[PDB]
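For reference, the structure is listed below as structure tokens.
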Amino acid sequence: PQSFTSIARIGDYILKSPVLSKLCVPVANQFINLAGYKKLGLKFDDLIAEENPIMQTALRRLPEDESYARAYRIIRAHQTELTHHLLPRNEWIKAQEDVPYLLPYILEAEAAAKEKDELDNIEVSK
Amino acid sequence: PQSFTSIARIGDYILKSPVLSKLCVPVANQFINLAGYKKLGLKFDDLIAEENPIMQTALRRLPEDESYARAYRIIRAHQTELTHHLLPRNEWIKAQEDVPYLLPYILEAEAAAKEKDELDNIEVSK
Amino acid sequence: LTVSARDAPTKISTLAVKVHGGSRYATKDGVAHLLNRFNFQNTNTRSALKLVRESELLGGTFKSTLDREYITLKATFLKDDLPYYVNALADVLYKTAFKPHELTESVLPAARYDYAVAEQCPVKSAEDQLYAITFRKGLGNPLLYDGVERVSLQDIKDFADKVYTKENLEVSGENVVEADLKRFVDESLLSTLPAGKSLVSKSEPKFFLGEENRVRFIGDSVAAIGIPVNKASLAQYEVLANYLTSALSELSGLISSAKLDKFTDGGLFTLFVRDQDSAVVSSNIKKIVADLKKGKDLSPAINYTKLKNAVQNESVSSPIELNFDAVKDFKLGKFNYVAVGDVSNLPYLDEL
Amino acid sequence: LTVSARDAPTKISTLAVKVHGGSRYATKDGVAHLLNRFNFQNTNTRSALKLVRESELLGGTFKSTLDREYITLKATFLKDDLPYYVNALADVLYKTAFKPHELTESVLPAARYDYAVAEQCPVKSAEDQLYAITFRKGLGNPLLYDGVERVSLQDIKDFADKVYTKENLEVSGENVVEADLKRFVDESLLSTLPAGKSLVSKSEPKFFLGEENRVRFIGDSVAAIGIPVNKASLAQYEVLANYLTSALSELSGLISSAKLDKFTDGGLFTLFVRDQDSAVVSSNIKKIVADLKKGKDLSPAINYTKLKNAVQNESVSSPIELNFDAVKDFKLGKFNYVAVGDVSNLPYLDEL
Amino acid sequence: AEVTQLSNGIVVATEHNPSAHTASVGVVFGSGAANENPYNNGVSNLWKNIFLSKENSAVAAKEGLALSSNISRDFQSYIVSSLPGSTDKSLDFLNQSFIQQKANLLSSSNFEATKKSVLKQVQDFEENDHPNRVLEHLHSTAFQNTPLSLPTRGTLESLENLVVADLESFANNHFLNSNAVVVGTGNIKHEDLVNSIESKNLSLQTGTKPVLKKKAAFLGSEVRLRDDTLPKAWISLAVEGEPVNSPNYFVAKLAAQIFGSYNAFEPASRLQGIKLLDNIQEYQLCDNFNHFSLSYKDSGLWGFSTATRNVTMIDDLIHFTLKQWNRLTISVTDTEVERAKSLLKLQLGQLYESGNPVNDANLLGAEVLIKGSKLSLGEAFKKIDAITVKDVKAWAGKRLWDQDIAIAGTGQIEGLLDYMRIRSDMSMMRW
Amino acid sequence: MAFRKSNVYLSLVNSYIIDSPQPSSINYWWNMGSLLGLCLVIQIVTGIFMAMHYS
Amino acid sequence: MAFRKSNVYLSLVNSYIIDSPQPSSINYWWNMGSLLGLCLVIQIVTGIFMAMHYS
Ligand SMILES: CCCCCCCCCCC(=O)OC[C@H](COP(=O)(O)OC[C@H](O)COP(=O)(O)OC[C@@H](COC(=O)CC)OC(=O)CCC)OC(=O)CCCCCCCC
Ligand SMILES: CCCCCCCCCCC(=O)OC[C@H](COP(=O)(O)OC[C@H](O)COP(=O)(O)OC[C@@H](COC(=O)CC)OC(=O)CCC)OC(=O)CCCCCCCC
Ligand code: HEM
Ligand code: HEM
Ligand SMILES: COc1c(O)c(C)c(C/C=C(/C)CC/C=C(\C)CC/C=C(\C)CC/C=C(\C)CC/C=C(\C)CCC=C(C)C)c(O)c1OC
Ligand SMILES: COc1c(O)c(C)c(C/C=C(/C)CC/C=C(\C)CC/C=C(\C)CC/C=C(\C)CC/C=C(\C)CCC=C(C)C)c(O)c1OC
Ligand SMILES: CCCCCCCCCCCCCCCCCC(=O)O[C@H](COC(=O)CCCCCC)COP(=O)(O)OCCN
């Protein structure tokens, strides 16, 4: 339950730094390949937990062409683990395709919930 | 759970008999006045139990002018008992008004359910 | 009582009773529809359940059908069980119960389902409108019941006493011995019915021309035209209806349906164009009306119409058009118009 | 940019922005209705939630309104907070977001509720039909959105770029200093809008006469007539609309509503008869058309019309009819007709 | 604006506006439905429609005059409107309808047709207008057996037994110069009105109206009118509030603005800064609500009205609403008090600075009749700006905390629980 | 909704002893079943405290 | 409907051990909670039968 606004606050400071982005980016590329979600046919944004209102809002607003493809990747993954096998090497997700398709819908649901709380418990200038 | 078809089979044999209808009808008139449902503002057909399909069918088919008046008599009766009193003597049900308003709807629901069972378990003439 | 029958060496018989009780004789809007869905309910002697079970063991079925001229009671059964089915149809016309709980539980829900599936078809909505603007109060009455005008149980019973009369019905049989049928009809309750009056009028109806209507609808778009026809011109328009749907014509790929509805005192020609895109509908209907105004020669379609007219006259009592010999030409005069759907992108009458 | 304002010593100010963007300029059916329900949503800088909360602490409210000629953005507020509300209305016309989830979650459900409550009124359905058969494609376009023609998000954005232009809007103020308003408008995003083109046409519209329509409806029955009016005859029909609803006339107890809708290039007179029983509706409308064909003298209602015309011209920019002096008489010529409800028991046009 | 009152035997009030294009002149009496008995309930509603009848209005429309009238609990009104340069004719017409010749109006033919017209209005009101008739039944159980319970239109049972003599008796006792104010609004000068009245020697009737025995008394009670054929539930609920000429008049008005009004189908009304809306919108418990603070000569009412289609979650709506009322005594924020100050001033500005001179004539006459003068709008704004958070808590702990309630409902109200489950929610006691 | 109606464990208590619909006319003979629940609690408690000393 | 769905007591058994929806991919580590229910039945039953002979 660390917010995504905070994750990107830290991450964009690392990436726009010359000296920091050459010691932690190679480390982070080996961390993703050893995890092994790409071998089950999954992108990272499929792994995010969705039993909360900010993630239920982002999924309603996702386009349906991208929503139908997400449900097939999740069903195919439950079946691949049920058999204790991996998929063929030509059906793995590649690095070009491992894009954050759901991040932009999440950040706008978070910025609006924070704006509401700041207004619901504000004190007046007078 | 004696059927109403059977009750009227016996009753109409007593009433159309000269000698039988003069010993059991006076007895039956004192039996109704000692029961005391007319003092709570109730007719007899309100007392019949209705947690069965033949009585649920008869109540759907009852006209609504007679159905609205039945619900008021039942609510007024529950309230006369929570107070441990009787109604005034000019609000009692009289013998002219104590009519079987629901009997005809019951007898036609019974004759149709019996006709169905005789056909569902019939054996053929051949 | 006009009894008529044809015989044949087959296994299955068919018996019909036709009544002049269609929607063109209705006192209120939709009362001929609720009498039709009320037939083959309980009678004063036999229940509806018992009739279905008894006839299943003998091999037969019943149904009732409504159109703008007739109500028709039909029975289809095995040949040797004739006298049972003559007496069943007679009890329907004589001693039906008309009880209030049958209207609430069976008849009104069935009439509501009929109306719900017909309102989704835009070609049927257009046909109902062409009948209303061409004929206003008779043939133009609505067919089905929609609840605009309220119809009580006593209105259904007073209509039945009007149309179920000895002088207002016909009896017909297919694969039935006629001497046997005429004998069973006399010893039946059909002969005890009231001897009333026939509702048919030999006067020709009054018609109107140059009318227009438009209706908004979600779905596909339709453009339809209607032309009233007298008795002496029915054959000229029967050839036209077949020539336009045939491969002899250039406009057959632009037309979805064309037909001629025939009555005892004239008929109505109809034509329909249908498509989802509203630019296609407008461009096709414009090309059809420009071609019919110039004129056509209908003589190559005379032999093709004699075949089709015998295919639809197999086991009906045959209004006869031996006028196909003197049919050469046609050109379009005045007509009526209806548009259904995206009516902002469909044409108007004065620009066709 | 035409800025105009009146001053007064009160507490409350009102500021309006009128755009020639009504339904008579719509490219698709119902696109002016979805732009209207889209105003005062999120902008590129300020959210919709923040606008409601900020203005509540200053004491103000916003709303948008649609008619066949105008879309109007209005603000009602306390006098001394003027410059905040000039810049809020300017961001609405300039930098609105047009995001897909606002169409799905807010705009389309609100347009659906507007249509559902208007379809239950038979007097509004009759008025929409009289506009369609009298004017076919301009003023006769439908006001609200019903889903017959499909309107996308890009269609809403392309309409906004057409009607939100410097040469196509007016700014008006009530209890506002005009020198202050003209200064705050120049240092605003209103002055940075595109200088496009005005959509108004000084041509008079084309109209039609002698038309008719009928619509089935469950409920009460209506009979309505419509007459198109040119610029030079607007005063004769304004006196008529007031004389018929007044106690000076015999027909006021037979009439439910009579009015004249005024535009920059003519108008439309309308009259309505309404009742649940359909024999009452038919007998009343027949008596009204027979009386207007004979003729009336409208001179006793001239002074009564000057009062009523000033009561409805309190804080609007006043189309002026100083023609009430030369009004004496009226007799009815040709007209249009619409019937809604139990249309089998209502009269036809050729029998009125 | 600025008002000006005088007394030359007749009380004349005026509120000039040089920007108006019209002028209104009328008379307001200080008697309404609360000065009647159950036998003649509706006699003031018949005087309205006799004044607006067709043969009387025809005489007015020939000179360019429009008529209006309004019946309420504490007052009655009869207004004439005209162009600014025709206000001399307005007074003459009013002279031959009240001071003289109100017998030509009470003829036999004019009284039977008028009666039949009023019996049809009150019948359609009781069968189609559900929000307003439930609020009438609230006044009828909250103030039962007192004058403030009677409906302003009358009932169908009391209207049928009214004859001409009942109309004439009610006029001799109440249409008096001691009980009357002559008003003028719009484009009319104060001195031109009084000199026109002095040039005629007018006098309606002298004075000393009746005494009115009983005072208004609030009783905690309920009335339920169940109808399962209708598609919604309509409910109203209130406590005893403030009368006019009370010190807490504007504090009660401000506390109703904190909870305010709602419409579920308008998008901007879902975004109001009202904490109650976070509970209602999760399951959509209602379609609309509105909070009121009503005030009369002797008593008042404070509460809300609602309409809903969620007939299975009625108890959660009533529960959540009454838990917010508790916060006015315990925990109410300074932000909530400053929002309500600004919107209340906007609400009062629209009521008193509308364009219609007819609405301004009704407000002026009722105020002068009940306190002798009219408070300015600039003085009312200063009182509103001087209300603190401590003033709201003192008012609520007296008027809301652990106090009796009045309830009325109609429709599908099977899910509305008993009185004592609702009475108990007026005090937290988790505290 | 209220917490007593949304929580898994309090929902059972609410449905049985708080919001349960009852007929208005039931008399004091309908109170014997709650007493029998108190009797069972008395016996189980007293017997367990004696069982610590019994042989 | 089926009798196991309409009866008050069998409906609970059906909802828990017959028709309960389960994820298809759960492994044998999800079988330990059923064993703990067998352990409790073993421990309670064997204890009653020893308690008849204990002092
Ligand atoms: C040994 C272990 C026993 C311990 C448990 C004791 C509880 C036994 C209760 C048995 C019973 O249920 O009999 C109920 C019957 C009352 O029937 P009802 O509802 O119509 O009367 C409502 C009342 O009028 C309102 O009475 P109210 O509600 O106003 O107050 C109740 C109060 C008595 O109040 C008074 O001061 C006198 C009116 O307290 C009680 O009554 C306690 C209840 C007994 O009682 C009667 O009075 C008549 C029947 C006599 C029963 C004798 C046979 C049993 C052996
Ligand atoms: C006293 C109670 C006894 C039971 C307790 C232990 C049971 C639960 C242990 C979980 C387990 O099954 O071990 C698997 C574990 C992690 O691997 P995983 O979860 O990805 O795959 C599971 C897949 O469904 C196997 O099952 P599979 O789908 O591969 O085939 C069925 C298998 C049946 O075998 C069994 O009965 C297992 C209980 O077929 C056969 O073996 C046929 C015989 C020739 O990898 C391991 O092998 C670790 C062994 C356990 C060590 C920890 C305990 C030591 C204290
Ligand atoms: C429904 C619940 C129970 C009932 C009806 C019940 C009944 C009885 C009765 C009638 C006696 C004999 C009383 C005498 O004359 O001394 C008794 C004795 C005893 N019971 Fe219970 N019992 C119940 C529950 C329990 C429980 C749960 C225990 C737990 C250990 C318990 C422990 C004992 C003991 C130790 C004695 C012997 C001591 C004595 O005589 O009082 N009882 N029980
Ligand atoms: C969760 C259930 C239980 C657990 C975990 C448990 C555990 C134990 C353990 C660890 C011992 C000592 C074993 C030894 O070294 O001898 C014991 C003894 C004993 N327990 Fe249990 N017990 C359970 C249930 C019961 C029950 C319900 C009873 C009585 C009905 C019971 C009766 C006894 C007796 C009589 C002994 C002494 C005899 C012996 O040593 O085996 N137990 N228990
Ligand atoms: C009709 O309306 C009603 C209604 O009126 C009522 C009352 C109820 C509720 C009715 C009941 C009878 C409640 C049910 C009561 C029980 C099931 C009794 C259960 C009792 C126990 C399980 C006993 C628990 C006791 C202990 C654990 C003893 C504690 C001892 C200790 C701590 C001593 C420590 C020392 C040693 C040696 C152990 C309804 O359900 C209901 O329906 C809607
Ligand atoms: C995830 O999917 C599952 C799931 O897989 C399972 C298995 C279950 C069921 C799981 C369980 C663990 C079952 C629960 C079992 C208990 C709570 C055990 C409690 C009952 C006992 C321990 C029995 C007690 C025994 C007695 C009272 C009698 C013993 C004494 C005797 C027989 C002596 C009698 C005397 C004489 C003289 C013969 C689920 O509920 C479930 O969720 C949907
Ligand atoms: C047949 C056996 C009896 C079955 C139970 C029926 C009788 C009811 C038991 C008595 C009711 C008391 C329950 C406590 C109510 C609060 C529960 C709660 O807050 O739920 C939990 C927290 O509860 C706990 O921590 C463990 C509960 C301990 C149970 C004590 C024995 C809150 O969870 P919540 O519903 O708010 O949603 C998740 C939000 N984080």
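How things are named: the first chain in the structure tokens is A, the next is B, and so on; residues count from 1 in each chain; ligands count from 1 in the order shown.
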
Can I get the residues close to ligand 2 as a VMD selection string, where close means within 8 Å and we count only C-alpha atoms and all ligand atoms? (chain A and resid 82 to 84) or (chain G and resid 26 to 32 35)

Within 9 Å of ligand 7 (only C-alpha atoms and all ligand atoms), residues as a ChimeraX atom specification: /F:3-4,6-13

Write a file of the just-selected residues containing N, CA and C atoms, as a PDB file, in the first residue's frame.
```pdb
ATOM      1  N   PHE F   3     -22.966  -0.256  10.129  1.00  0.00           N
ATOM      2  CA  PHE F   3     -21.933  -1.262  10.350  1.00  0.00           C
ATOM      3  C   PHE F   3     -22.514  -2.577  10.849  1.00  0.00           C
ATOM      4  N   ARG F   4     -23.610  -2.531  11.604  1.00  0.00           N
ATOM      5  CA  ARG F   4     -24.234  -3.745  12.104  1.00  0.00           C
ATOM      6  C   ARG F   4     -24.911  -4.563  11.015  1.00  0.00           C
ATOM      7  N   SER F   6     -23.436  -4.600   7.662  1.00  0.00           N
ATOM      8  CA  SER F   6     -22.396  -4.901   6.694  1.00  0.00           C
ATOM      9  C   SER F   6     -21.317  -5.832   7.218  1.00  0.00           C
ATOM     10  N   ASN F   7     -21.110  -5.885   8.528  1.00  0.00           N
ATOM     11  CA  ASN F   7     -20.122  -6.773   9.114  1.00  0.00           C
ATOM     12  C   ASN F   7     -20.644  -8.203   9.151  1.00  0.00           C
ATOM     13  N   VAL F   8     -19.740  -9.145   8.882  1.00  0.00           N
ATOM     14  CA  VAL F   8     -20.112 -10.551   8.762  1.00  0.00           C
ATOM     15  C   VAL F   8     -20.683 -11.091  10.072  1.00  0.00           C
ATOM     16  N   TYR F   9     -20.126 -10.686  11.214  1.00  0.00           N
ATOM     17  CA  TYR F   9     -20.539 -11.242  12.501  1.00  0.00           C
ATOM     18  C   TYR F   9     -21.688 -10.487  13.153  1.00  0.00           C
ATOM     19  N   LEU F  10     -21.708  -9.157  13.068  1.00  0.00           N
ATOM     20  CA  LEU F  10     -22.813  -8.390  13.625  1.00  0.00           C
ATOM     21  C   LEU F  10     -24.089  -8.503  12.805  1.00  0.00           C
ATOM     22  N   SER F  11     -23.982  -8.808  11.512  1.00  0.00           N
ATOM     23  CA  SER F  11     -25.161  -9.016  10.682  1.00  0.00           C
ATOM     24  C   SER F  11     -26.047 -10.134  11.214  1.00  0.00           C
ATOM     25  N   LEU F  12     -25.453 -11.187  11.772  1.00  0.00           N
ATOM     26  CA  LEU F  12     -26.248 -12.262  12.352  1.00  0.00           C
ATOM     27  C   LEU F  12     -26.960 -11.803  13.617  1.00  0.00           C
ATOM     28  N   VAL F  13     -26.280 -11.020  14.450  1.00  0.00           N
ATOM     29  CA  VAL F  13     -26.900 -10.514  15.669  1.00  0.00           C
ATOM     30  C   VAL F  13     -28.031  -9.555  15.329  1.00  0.00           C
TER      31      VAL F  13
END
```

Run DSSP on the backbone and tell me which residues of segment 152-352 of chain D come out as strand (DSSP E or B); list them as a ChimeraX atom specification. /D:169-174,212-216,221-229,257-263,266-275,296-297,329-330,336-341

Interface residues on chain F facing chain E, 10 Å, only C-alpha atoms, written as a VMD selection string: chain F and resid 1 to 2 19

Please produce a file of those selected residues containing N, CA, C and O atoms, as a PDB file, in the first residue's frame.
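Output file selection_9.pdb is given in full below:
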```
ATOM      1  N   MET F   1     -24.382   1.598   4.186  1.00  0.00           N
ATOM      2  CA  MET F   1     -25.272   1.092   5.263  1.00  0.00           C
ATOM      3  C   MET F   1     -24.576   1.074   6.621  1.00  0.00           C
ATOM      4  O   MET F   1     -23.364   1.252   6.716  1.00  0.00           O
ATOM      5  N   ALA F   2     -25.371   0.860   7.664  1.00  0.00           N
ATOM      6  CA  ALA F   2     -24.860   0.762   9.020  1.00  0.00           C
ATOM      7  C   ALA F   2     -23.868  -0.392   9.153  1.00  0.00           C
ATOM      8  O   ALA F   2     -23.911  -1.376   8.413  1.00  0.00           O
ATOM      9  N   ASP F  19     -33.325  -6.322  14.575  1.00  0.00           N
ATOM     10  CA  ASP F  19     -34.223  -5.918  13.501  1.00  0.00           C
ATOM     11  C   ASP F  19     -35.181  -7.020  13.067  1.00  0.00           C
ATOM     12  O   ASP F  19     -35.880  -6.852  12.066  1.00  0.00           O
TER      13      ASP F  19
END
```

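Separating atom CA of residue 285 of chain C from atom CA of residue 219 of chain C is a distance of 18.5 Å.
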